[PDB]
Each structure stands twice: as C-alpha cells, then as structure tokens.
Ligand SMILES: Nc1ncnc2c1ncn2[C@@H]1O[C@H](COP(=O)(O)OP(=O)(O)O)[C@@H](O)[C@H]1O
Ligand code: CFM
Ligand code: CLF
Ligand code: CLF
Ligand code: SF4
Ligand code: ALF
Ligand SMILES: [Ca+2]
Ligand SMILES: [Ca+2]
Ligand SMILES: [Mg+2]
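Chains as they are written, first to last, in this note's numbering: chain A, 19 to 292; chain B, 14 to 535; chain C, 14 to 535; chain D, 559 to 1036.
Spelled out as structure tokens, the structure:
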C-alpha cells in the first residue's frame, strides 16, 4: 500500500481543485489520504479544510525560530473524510524564494515521519510553473512514484504538458518516477478530447479521464468544499468518482516521450481544426 | 631608506620619520577624518554598559562571527577517507576559500575540487557541470572516491545531487560502481560542524543503507569512533593510542590525520592513510559506535541507531578528568577490556599536575568561545581546575546545548557567575570583556583583535588571549596539539597556568616598582 | 585595606597609596639611599662597553653562576636505580638544598639522606655517622641499595668512604651483601654534571669490576644507554620510544623518569621503576654502550672502554636534525636493525615544520647558556634553522669543548658572529646582551633577571627569555618537555617560532601606531 | 629550453584530460614569443574554468569586496548573505591602513547579515534595512556603507538598490549596493568591473558641483594599489619626494573622501591595470583626466616609471625626479651587490592573479634571476599582450592553470624558485622547491619602490638559499 503521487500541469489548469475533489472521492471509498501543498499560496487544502489554512510549515517555522523547532501537530490538520492536509507555504508574490521553502517543507515532513504507515495515498499538489529544482522536490528519489499531468485542449496547456514531460525525464531516468497519464480538465475547446488523446499517445501515455467543465465546481468552491461534499448527487460528483477509480486501478506508468515544437504544431493542425 | 646590513620590513620601517610625516600629511590633507578627541570619545563609549545594551539588542547585524558555513565541514570530513577527493557542487569561489582557510590553519596542502557553476548554470541547472566535473576529476586526480557536497547557490536552486550523479553514471561519464557519496550542505543552515555531520551521514548511507541484510552487530568485535569536526592532529592520535593501549579493536571513521601531516621528503602526496572503503562497509558489524562530539553528530546518531542498530552511548566529549574517565569506563564495558595500569598511571599524573598548580589557577575568570562540544569540554575542565568561566559563548550553539551547559555549571560552585550565550558574536563578547573583565579569554586567533581593543583602554584592562580552538592563524604548529584525554588535559593545563605565570611576570618586571614580587620560584 | 570580595596579594596590594606613602617615608627617613639620579647613572654605566671590559677582567669574583656542585648530580644519578636511597656523606645542610632544588624543578618528592656530620665529626672523622647512618637508613626507609656520595666537608678531611663502608659491614651495621656503591664528589672540582659522572662510574664499578670473567661482549644482544645528567622526563621517554620503535634491545642505565613522575592516587611511593641491579651486573654483556652526553661522561667512558671492552661510538648528543640522524644510523649499525618507516616519517615531519617556519626564524640572534652537551646541541639545531647564535656561554665548559663548538660554528655560514665563552657567568652574559643585543636568550630561570635589567633600559632594549634548560622554577611542568630526537626538535622549534611571533604581536598591538602590521595571519 | 621541448611538454601534460577538457585547456597554454603583438593567436583567456580540474580562481565577491571595496578604511562593508564568504575573507588580504579599528576604521572586521533559511525563503531586504539602522547606532563614525552581495542575493532577486536609495536618503549617508554575486562571470575579474561601476554610479560624482577643493598643477592619484604590506605607502613617498601631491590612493589606506576628490586631479597613475582600468577610462571620458600605467617593482622599473611620470609635468618636477633617483642609487646598488651574487642565474616560475605575473619580472632580473614561466588566474588578453614583451623567448605561459598542470610543469622545468599563492605553497615545499607567496608577500614588508626592493631581495635569498632545502632526503635513503 501507500502510493505517492504528484500533480503537475499548465498554470491555473485546475490541478488544486481536481486533486481535492479526486481526494474527497477517495476518502468516500474509505482510503486514507494526505495532501501536500507545494505552492507559495497555501490554497491546495481549502475545499478539504473548509478554510484557507494558516499554519503553513514555512510561516510556522519562521515563528518557532527554525524548522527544527517545529512539530507535525502544529501544521498537519485533518479535514473532510478524515483527509490529512499540510501546506508548504512561502513568501508573498515578488520576494523571497518559494522553491527553497518547498525543499525545506518536504524534508521536514520526511524527517518527522508524516508519511505515516497506514496512509493509502499522498498527493503532492505542485504549482503550475515549475521554474526550478525546488518544485521538482516531489519527484526526487523515494517520493512520488507516479505523476499525473492535468491539461486541456488549449494549445498553450498542451505545450506546458509536453514541456513538463521534458523536465520529468531527468528524474525518471535517475529514479523510479513514472508518468501515470494525462487528466483532461475540459475547457470547451473544439475536438478537445481528440487533442488530448493524440498528445497522450505521442508522449506514450494515456488520457486517464476527461473531467467536464461544470459550474457546480465553482458553486461548491464558493462554499469552501468539494463537489462530493457540496452535492453528492451532482453529475460532476460522479465524474470525480470515476477519476478516483481510474487512478486507483491505473497500472500504466511510463517515461515521457517528449515531442518537438514542430510535431506539436502539426498535431494541433491535424486534430485542432473543425 | 634602508641600510643593507639591517633591512626593515613594514613594522619597523614605517616608523621612520619621513614615513610618519608623509602619513600625517595624507591624513590631514585628504582623509577628512574625525578629530582624535571624537575618536577617543566614541572608543570609550564602545566600552560602557550603555553601549553593551544597544549591542545586545541587535537583530539583523552580525559583527565578527565565530562560525563558518556547512561545506567547510563537509570537506574536512571527506579528507578523512582514503584516496577521496572532496567535491563541492556549486561556485568555485567557495572552494578557493575552503582551501586557503584550511591551508592557513594546518599549513598543509588541501585538495578540494569544484564544478565551477557560473551564471548560465545557475539558470539552467548544474547537471552538465556534474557530468563533466566528475569525469574530469576522476581522470585527472585519480581518486578512489568523490565525496560530493554543496555551495549555497546549488542549494537555493535545489540542484538534485542524487539525480545528477545517477545520470552521470547512466551516461558513461564515470563507472557505475565508482563510489560517489553526497550530501546537501546549505550555507544558510547550521554551521561548518553541521556540514561535517551531513557529509558523514551521507558517506555512511552510501556504503551501508542498501546492504544491511548480511550485517550482525558485534560480529567484527570492534568499536567505531566518529571524531566529528576536529582540527587538532593530536586528538586523532590520542584516541587511537588509548584504545590500542587497552587492546581494544576500533575503527576510526573519517581519519584525516595522515593527509594533514604528510612528510616533506621531496614528494607531494595528494592522498595519505584515511578511513578505507572496506572499513565503512563493515562498520555495521561493530559492537557499538561512539560519537566523540555528540552535539554536532545528531543526524549521524539518528542514522547509526536506526539503520545499524547500535546502542550509541550517551557520552560527552572526552575532555577533562571526569569525561575522560567516563569515556574509558564505557569503552571498557562495551569491549570487555579492563582499563590498563598504563592509563591508570596517566590519569594519576594529570591529577598530580592539577594539585601542583591549583593555587595559581584558583579563581581565575575566563571568557571563552568555540564549537559546542569543544566549549563544553573546556568549561567542564575549567571547573574541575577551580577556575571561573564567566562568559561562555558559542555562536553556533542551540537551546538544548545551552540547557546542558547550564546544568554542568550549576553542578559546580565555580559556575556561579557564568553565563552561556548562543547566537552571539565576537563583538558581543568584546562588550562583555570590558563591562565584566575576565583575567584571560580562550579562543581562536580572532580574539587577538579583542585583546588589542582592551589594551587600548589601558594596560590594566588588557585581557590576554589564550590560543585554543579553530582556526589559529597567527601561531605556528599549534594544530599538532591535543585537547582530548588525559594527555590533552595535561596540555591545556600547562598552557593555562604558564599563561597566568607569564602575565604575572610581565606585571612585576618593573624595577623598583613592581619587581618586589618578581619571584624566581613560582 | 582589603575588600573581602577582591583580596589583593602582595603585588597589587603594595601599590595602594597608603603603602606607597609609607614605603617613601621609610626610604627618606632611615635608609640613607643614594639619590635616584646617581642610581640611574650607575645603572646606565653598567650597560656600557667600558663596564663590560672591567666585568670580563674579573679573576676572583663570580656573580650569578650558571652551575651547581657535584653531589647534586650524584643524587640525580642514584635516583635512577631501583629502590636506591641517595646517601650523601657529609653535612645535612647540603641535602636540604639538594632536595628543595629538585623539588622546585620537578615539583615532585625527592628522597635523599644525610649522615649529619657536625663539628665533632669534622674533627674526629665521620666513621660513626656512616655506621649508624647506613643502619638507620636501611631500617627506616628499607632501600634495596644505598648510593653514597660526599659533601665538601668530607672531601677536605679525606674521609675514606670505602673503608668506612667496609667496616660498617664488618661490624654488622649492615649485611655484607647489601649493595653500597660510592663516589667522591668534591664541590670544588667540576660541577653537578661531574658528580653525575663520578656517581655512575662508582655504581658501574661496584657491580662490574670484580666479575668480568664470565662476561662476553654482545651476549645479551642489547645496547646500553647512559643518559647523563638529564632534567626533562621527555628525553628519557623519547629515547626509549625510538629504540623500541626500531626493535632494538636496550638497557637504560640510570632511569629516574618514574620516581620523578609518580601518580597522585592517594599513595606516596618513595621508590618507583629505576634501573635494576641485574641490569647493571649484566651490562658488560651488551653489544656496545652509547653515551648520550659525552662531554660530561668522561670518567664513565674510560671505565666502559677499559673494563667492559666496549667500543663506545663517538656520537654527539642526539639533538637537532643531523645529530639525531647520526645517532639512529649508529644504533642501526650496532644492533643490525634498519631504521623503520615510522622514524623516517617523523623526520620528514620535522623537516616540514622547519620549511613552514623558516622565514620567521631566519637571522634571529640568540644568546644562550646551559650545560656543555645541551648548549652544543642547541647551537647545532639553531644553525640548521638558519638562526644566529651570537653569545654561547657555558660556565662549566672546558677548552676542548669550546674548540669543538667553534668547529661546529665555522662549518656553518650562520656561525659567523658567534662567540663561545667558558668559565663565564650570567653577570658576564648580562653585559653581552647590552653591548651586542640578541633578539632572544635561551636558558634557565636565572635568565629572567637579565630580561628585567634589559627592559629597565628601555622596551626597545628588552631581551625576552625563552625557558629551556635547568633549573626552571617560574613556569610549571616544563620538565615534562622533550629536547632530544625529532620530537624534541619539533618542540623546540615550536617554542622558538611562537616566541618570535608573540613578541611581534606585542610590538604591533599599539592602535593607530604599530597595529598596521598586527596581521591575523603569520 | 627550446620551444620545441616546451610544446612537447604541454602536449604530454594534456594527455590525461578527457577530450573536451583537453581541447579547451590546450588553448590556455603557450610558448611565449617576443614579437607577437597580439596574444589571441597564442593564448585565450578570461573564459570559464573547466569543471573539476581544481583551479585556483576565486569569485566576483572576492573581486568586489575582497580587493576593491574592503580596503576602504572609513566605510562599513557588509557581506550580504550567509555567514561564510565574509568569514573566510576576513583579514586574509594584507591591505594595510592607519586607523582606530572599530571606531573610525573597519577594514579588519567582518560585518554580515548572516542569512538563515527564512531570510532566503522570505527575502532579506527588510533585514537589510534593519541591519543598516543597527550599523548607524553602533558605529556612528562610519563614513559610508557598502553591501556586497553573496550568491543567494543574486538568485532570489532582493532589491538592494532600493534599500540603498531609501535608507541612504533617510540617514543622509552613502550606501553602495554591489551586485557581486559569486556565480557572476568566471573569476575575481568581473567583480573588479562590477566594483568600479558601483564606485562610478554611487560615489565618484558626489563633488561634481563642488569647487572648494584647492588643487595644484601637480595633483596625481594612485589607483590600483591596495597597499599590500604597505606597498602603496612606499610608492607614495617616492611620488611626493619628486614634488607630486597624492590626493588619493585607490583602496589601499584609501578613504571615501579621497575617492570623491579624485576627479580633481591632473593625472591618474594606475598600478593595477586589470582591476582599475574601468574607472580610469571613465574618468578620462567624463573629466578629461589622462591616465598612465606604471611599475614600481625593482629599481630599473621604478626609475623608468619616475622618469615617464615626471615627463608629464614641468622641468621642476623632472629635476626633483633626478634628485630622487640619485638619492636612492647607493641604496639599491648596495642591495644588488649583496644579493645578486647569491641569486644570479636562478630560475623562477610564477602564477598569480592579473598584474604581478608580469610586473615583478624586472625586479627578479634586477637580481640576475630569470623568469622561466609565468601565468595568470584571471587576466584578459590585453594583459597577455603586455606580457609577451616582458617574458623571454621560449618561456612557458599558462592561463587559469590547473593543479595537475602546474605540478607536472614544475616537475620537468625544475625551477629554483616558485612564486604563487597560499593554495600552492605547501605542495611545492613538500617537493623540496623553495616557494615564496607572491600575493601576501609571505607576511613580509613592502616590495614596491626602493625600500621594498631591499626586502624583496632579502626574502628571495632567505628562502632560496635556506639550508633546509638540503635535508629533504633522509641520509639512509639514496
Ligand atoms: N471541472 C471544472 N469545472 C469548472 N470549473 C473548474 C473545474 N476545475 C477547475 N475549475 C475552476 O478553475 C479555477 C482554478 O483552478 P485551480 O484548482 O486553482 O487549478 P491550478 O491548481 O492549476 O491553479 C477554480 O477556481 C475553479 O473555478
Ligand atoms: S590575485 Fe593582482 S590583479 Fe588583483 S588580491 Fe593578485 S596579482 Fe588579486 S595587483 Fe592585486 S593586490 Fe592582489 S595578489 Fe591587481 S588587485 S585580484 Mo591576490
Ligand atoms: S652544610 Fe651548608 S649548604 Fe652544605 S656545604 Fe656546608 S655551608 Fe654549604 Fe655547599 S658546595 Fe655543595 S652545597 Fe654542600 S657540597 Fe659543599
Ligand atoms: S562563490 Fe564567492 S565565496 Fe562562494 S558563496 Fe558565492 S560569493 Fe561566497 Fe559563501 S556562504 Fe559558504 S562560502 Fe560558498 S557556501 Fe555560500
Ligand atoms: S526560480 Fe526558484 S530557486 Fe530561483 S529564486 Fe525563484 S523560487 Fe528560488
Ligand atoms: F496558478 Al496554479 F497551480 F495555482 F498553476
Ligand atoms: Ca606543513
Ligand atoms: Ca608533582
Ligand atoms: Mg494550484
């Protein structure tokens, strides 16, 4: 048991929202989960904690003097479905270095043994712009074993997806991390499903699932909760339940096969028009 | 001018009248310096309690620190392994500094390499530098191992050392089986000693973590010893000597005494002696592991207990009388070997020296600083001697350590006026030796500037420095000394008393003034 | 007055105003002392070449000699034999001084006995004192042997020691087989080193002269080592270590290292270690005999070659680099043992230190004194370091020795300005350091008074004292040092370079005056 | 001897490097030749160091804070970033000054922000602001502050110039932000440039509108002399003896006010071209002040320089110049008569930074010694162009030499003496080769001017002819 996963993808593509909803589904199935927020903005746990967490590791460590004076209990909180939540934390936009904060945060979790023995899953929710080594911390040796890239039929999102695939290769070749697949978080573009499927095939992976764009997500979000909690009978709620199962039973873990910019342009022209 | 028969270097030379005249004109014409009255006024001010309070209120400014950064320690630790080349991933300016810092203390050659990451490597990452770097080092300096540590630059950008090394191997830059242990050594975390601790744990993990299956505790009948950051050659030697004298099988893990003391015989040896690879791989089979300086071997301890399953004894550094005794008795209990008549005699000789010199050492107030374990050892020994440590400063100390030092101080009547300061620097200590004058101060060469300042206030205010610690740059070959064991205690004791007697002779050398007390027999 | 919290001993105390006023009243009112102007005038005069010339024309007056009398040496020699009680036939006042002289240098107990010859014993001879003396000693202190030496009173009156001891046995005051070796040690002939030589030769004869028949040179495969008058426990220790390191069987005849360094463990040991009687009796069987300080082992040599038939090698004291080399090469040739890698590395390390410190030592001028062998060993080492010995004084040296030293001096470019003096004292040396000022002087504690006199003329005239020799009374535990071998050379080199750097530090400590040269690194 | 053998030696040495490094290093080793006026056809310099080859090079920080700024007496220099850079470089360079350390002078002290993890993660500009306030309180006599950026400051993008401007205006003080992040450039060299630019941008123009300074036709400024062991002072006494008035010395015993007065001088005398050509060129284009390089190492060079300098003024100065030369003639002649016979014909190999490799050659030759090999840690090609004329033919030249290369070169060439840095000193001494530190002068008196030549000669002799060099081999080992 105990599977660690990292979620990556285009900025604002919906990874923090999808993760929390996917996790709420998992807890519904009776799975024990921890979500590790790896983004300066400590917003990867609001729908689960029903509030913006304030006890972030970095801020908590700055107060206690050093991370060495910190303690799990102070930063690790349980929310909906018994889901465990921790937030790396970081500086306000435009100052400091958020990457280093993530390195420090992850090591602290590692050394405090947060990654407990009876967890079924651990999800690292990473920001969209992996602009440095610090944000690859989740996929170093003995961390996440599977990666899921969230994207959409949008040209720029698919480019970010391929681009990230390139960055994964160094880590996948030196370790055991593998790309588990692409999660299409639909944005109503034309022939969107064909686009993602073609890119997945080119990368050598699969389109795990296709989450539809549904404003119910926004209404649930406004009330600080996932769709599974907000409205269990919602059609979208079942979409996440299906995503959860696809994840749980997934056995396809490969090493990204990055394509060139030209190959990507050629792919957009072929499956993008009409 | 110069007299070819008696040439003058800068010191005597610039005291010649023409040079004095010149410097006087330089000052008055273009330096726009503050009047001498203002300078003296401000000087006096910096010696008061009012200034001291402002001084201790500092929150952002550090002045004259008593510590170095992590990588310095990682390098020293790597030098302790056979044919190992310290490799620092990051900027080359660092390595240039680590080498010359050590060159100056040991006055020996210090081999260390860098992969010179520049502007574009800080941007795109330092993986290429690692691939070409490991290949170039191996081919050029033919080491049998490359111990990798980091500069702050590589730490900020989170360069993945493990992934770079693994890919360097996967791509043929170096053989798959070539040992390349590594450690993340943040210049902004801890101090040089933390670097030593991280580097060592990283080396122990590389040779041991994946191969614990066949290991059995106590099977090789030896005792592992981890010295920690040590810059006194005599400390490595006295430990080996005492164990061998007890007929105790031991394995010193990280032993740089040979590379730091090669003979000048017409041949340069980049590598010498050092802890072998086989010794490290076999370490888990030892009966137990002893950590000589526990306060900066915290990470190592956690690894040795969790992975090796050794019940690491709770021992203080073997300095002074009581802690050396405790060390020996523990080693005897772990190895079964009795403490020999030899060591019993050595202990008795130290006690003899203590009794012979106690009247001169009694009540003498000292200010001292250094690394955690060292400083605590000195405090403990000082107390046994009947001395009064009054200002104890450890810049890289922490709260727990301070709590332990306070307990050692409270257990003795001689610790009544002592205070322990952590996170304070030599400018703070400067204030303390003015407002609460000690007879002497014990520390590294950086304290010479403090002795300089105190004398400026007046001869009666001068606080002589007693050179013990790291680094020592203004005296020669003091790195050959010993501070551990009875031997070390004997050396420290001789130095303290004779320093005291020296100063006494200086104060009473005045003829028909103070020489009435210039006794031939002390 | 006194403040109970900060009590003042004589030094700070008599500087208080009231004491000063009182001392002033005492001076002007009843001392009738010469005006200060007159005192300063005569002091200046005593530092001139004119005064020096008068000083050196002394024929009858000796001031501040640098030597002691024979029995002092006899006593040290005896203490080197197992359970032997030094016994000085003569007046008790002698023994009181011998014991307190050694007490103050070793800061250890020194057991010596006297038969207390008073007025009537002087007149009627001291045969009874010997009879009752030998019996009281043997019964009270239970020695295994009593080595008898003499006071000058007993030498003037010609007390026959042999006769007195023989009758002591014949009449039953002490068993006929109890060993009682003896020696005539007149105060008015030679010095303390002569007494060591006479006492040793006396003990060697007692155990060897009458039993030469069954002796075969080289049958025990050992080498005898005669240390001579030695006051550094480290010297005995390094010699033992070097031979054992070479796996050379040896026998040190007269070894007091244990009695002069017993442990303080709640028990007083009057006797410890020492050369056993068996070792002396079997001595003629060794391959050869080496004399560590030949220049004062003249009588011992004559006996060793004439009676033991040993071909004593012509070796100089093993001090410095070259002479330690020669000493090892000679032992290797005599014993057949090659010089081990261990020692070759040690030598290389001495050379490393020499190269690391040569720039601070080059051209430094030294005035020095002590015993013949020691003094010569120092001169040699100084020359090897590129130093300039300028005033070499040996109060108890002779014409032959002087010639030999002048030979060593001419063999080196660094001996150009050196002058050797024999039969001269410390008041003569004092003039030399004023008229031809050296940078430092190396000698025993009596030199401290010369440093005091030089500083009185001015700081720029002060000649600092580096303590090396015998006796050393104002510093503690220096008697544990080592001057022989590479170890001693390393220790001496360390003391010289750091004395130079200490003085340099003192001179450049003046802020905004000389501190421009107060470098952190030297 | 013979470039044929030297070129072969170079090839033999390169045989151990992997292809990539071999090809690169090959461009940095050459056999000198007196006629080439353009060194880019012989050697390339000022390029990145190959990774893992153990070079001797430092960083931009050492170049900025270590050589250019740290010397300045009455300013407080803050090593901004983790403790470390500042600790290793504390009082390691013997740039001598006159002052009361801790009150009006701070050269020998180490001021730092001692960055901890939260300073990197959350930025340190607020810490920098508070640090400046603490400095103003505890050190009221400081006449200015500089903040020398260490590696991390360059990565996280702290806005030091903003803090400098703001606090600067608030306290009415000159606060100079220097972006000398270690990883910038490839050596100490870019740090010199960054340092010069910071002087130009934040200090030099301060008195552009002021005319209260009373100048004379003989005002000069010595720039590029860091007063190592007092080198600048023994140079200054010569210039003032021939009638010139030194209004400023750049960074050796230098004060901020004399830097601000430099734009008023008639001539800028540059000793270290590598580190100070930048500001010299700026003062010429902006203030019209001409500059000229000089060399005070040894009598032939010193006399040549005094005459060339004197020629820039009138006859009264030239007359005094000859008077100065006549005065010292007996003195240096006595130095050569005594030491040349002891040093005559001995061969030397040098390896230093960016000036001395070429500048000290004349002094060596003044003692009859020959420089068989020379090289620089971080010189540019304009430096090598000036080097080919100074070196003899078929001599060896090396740029940013590696440990392995230097060692192997010394083994074959077998020089009688080596002049380099502290990182090389103990290797060669073990090999039994006399070594002299040519950076710190091995803690010995000044080497500039006539008074320094005597100490220079005594030092070279003291070390080269020392008796220890004969004892390296144990007697029992042929
Ligand atoms: N399936 C969906 N349907 C509708 N809106 C969605 C969906 N997924 C995400 N969103 C919206 O997109 C916004 C940003 O997504 P977020 O979870 O922050 O992703 P990222 O972590 O990549 O920024 C959310 O505020 C939410 O309104
Ligand atoms: S290695 Fe000078 S360009 Fe610069 S510190 Fe030494 S050969 Fe420097 S002369 Fe100078 S005072 Fe220097 S000696 Fe130019 S200042 S970066 Mo290391
Ligand atoms: S009882 Fe008293 S101390 Fe003894 S001798 Fe007589 S007066 Fe003098 Fe002098 S020289 Fe040495 S110590 Fe003696 S053996 Fe002669
Ligand atoms: S290239 Fe130069 S010296 Fe190196 S860091 Fe950068 S400016 Fe400074 Fe500083 S603290 Fe220690 S020594 Fe380095 S790891 Fe950081
Ligand atoms: S890109 Fe990353 S390593 Fe660089 S300063 Fe920003 S958060 Fe830090
Ligand atoms: F803007 Al994001 F994950 F919050 F890419
Ligand atoms: Ca050395
Ligand atoms: Ca004693
Ligand atoms: Mg997000």
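In this text, a Cβ means the ideal position worked out from N, Cα and C, and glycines have one as well.
Less than 7 Å separating the Cβ of residue i from some heavy atom of ligand 7?
i                     : result
residue 121 (chain B) : yes
residue 369 (chain C) : yes
Cβ of residue i within 7 Å of any heavy atom in ligand 5?
i                     : result
residue 169 (chain A) : no
residue 149 (chain A) : yes
residue 714 (chain D) : yes
Assuming residue i is part of the alpha helix (DSSP H), what are its boundary residues?
i                      : result
residue 24 (chain A)   : No alpha helix (DSSP H) contains residue 24 (chain A), which is instead part of the beta strand (DSSP E) from 21-27.
residue 396 (chain B)  : 385-397
residue 414 (chain B)  : 412-423
residue 488 (chain B)  : Neither: residue 488 (chain B) is in no alpha helix (DSSP H) and is coded neither H nor E.
residue 327 (chain C)  : No alpha helix (DSSP H) holds residue 327 (chain C); DSSP gives it neither H nor E.
residue 1069 (chain D) : Any property of residue 1069 (chain D) remains undetermined from this structure, which presents chain D solely from 559 to 1036.
residue 289 (chain A)  : 279-290
Please find out if some non-hydrogen atom of ligand 9 comes closer than 7 Å to the beta-carbon of residue i.
i                    : result
residue 67 (chain A) : no
residue 40 (chain A) : no
residue 33 (chain A) : yes
residue 61 (chain A) : yes
Just reading off the beta strand (DSSP E) that residue i is part of, what are its end residues?
i                     : result
residue 453 (chain C) : 453-456
residue 570 (chain B) : In the structure as shown, chain B starts at 14 and stops at 535, and residue 570 (chain B) therefore has no counterpart that could be examined.
residue 301 (chain C) : 301-304
Can residue i be considered in contact with ligand 3, in the sense that its beta carbon sits closer than 7 Å to one or more heavy atoms?
i                     : result
residue 104 (chain C) : yes
Is the beta carbon of residue i within less than 7 Å of some heavy atom of ligand 1?
i                     : result
residue 232 (chain A) : yes
residue 247 (chain A) : no
residue 203 (chain A) : yes
Practice task
Could you list the residues in the segment 180-212 of chain B with a C-beta less than 8 Å from some C-beta on chain A, going in chain order?
Solution key: Answer in chain order: 180 and 183.
Handout entry: Positions along the segment 154-183 of chain A whose CB lies within less than 8 Å of some CB in chain D
Key = Considering only beta carbons, no part of the segment 154-183 of chain A lies closer than 8 Å to chain D.
Practice task
Identify each residue in the segment 670-696 of chain D for which the Cβ-Cβ distance to at least one residue of chain A is less than 8 Å, and report them in chain order.
Solution key: Listed in sequence order: 674, 675, 676, 678, 679, 680, 681 and 683.
Exercise for the section: Compile a chain-ordered list of the residues in the segment 714-738 of chain D whose CB is closer than 7 Å to at least one CB of chain A. Expected result: 714
Exercise for the section: Quick one: which residues of the segment 73-85 of chain A get their C-beta closer than 8 Å to a C-beta of chain D? List them in chain order. Expected result: Per Cβ criterion, the list reads 76, 79, 80, 84 and 85.
Problem - Against chain D: residues of the segment 322-339 of chain C by CB proximity under 9 Å - result: Listed by position, the residues of the segment 322-339 of chain C near chain D (Cβ gap below 9 Å) are 334, 335, 338 and 339.
Practice task
Return the chain-ordered ranges of every beta strand (DSSP E) run that is complete within the segment 631-684 of chain D and spans a minimum of 3 residues.
Solution key: 634-638
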